[PDB]
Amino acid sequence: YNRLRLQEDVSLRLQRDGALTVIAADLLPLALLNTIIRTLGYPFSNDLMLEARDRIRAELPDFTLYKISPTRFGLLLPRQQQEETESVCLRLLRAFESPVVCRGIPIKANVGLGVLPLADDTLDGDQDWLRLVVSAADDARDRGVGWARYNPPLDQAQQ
């Protein structure tokens, strides 16, 4: 499933369940991916992301894995399993502690995890929320934390 499919499925689940959480797993900065492409070739970079995909699929078999960008994957956690958010993040962090090996070369991926709880009450499914979870994934990497939750100010005093 691609980016559009994720947006569509999120819209459908929100209307039906009222809430859900999206997790964005950013394997590496686009710039670093580009360094890999120039240094080892584009085919190598594709194999690397395919290997990353297989590892996530192996760790979370009961989860539908979406492809957001060339370096990002998305997971949709239904309202019923939002209580598993942190556990999923911890499992992904543990899974990527070891280098991803492709074509005999190990590549250490420092996965950035963005966490975005969405609510139907504010029509989140109709909004372009992708940018928010992606920014959160970058924020997790910048802060060096396990995962970063979308946490905007709730009022002017907090803004």
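When you see a residue number, it is the position in the sequence shown, counting from 1.
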On mean Cα temperature factor in this entry, is 128 to 136 or 90 to 98 the higher one?
128 to 136
Mean Cα B factor from the PDB record: higher for 52 to 60, or higher for 115 to 123?
52 to 60
Could you look up the Cα B-factor of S69 in the entry and say which third of the chain it sits in: lowest, middle or highest?
highest
Ranked by Cα temperature factor within the chain, is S45 in the lowest third, the middle third or the highest third?
middle
Check where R141 lands among this chain's C-alpha B-factors and tell me if it's the lowest, middle or highest third.
lowest
Within-chain third of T35 by Cα B-factor, per the entry
lowest
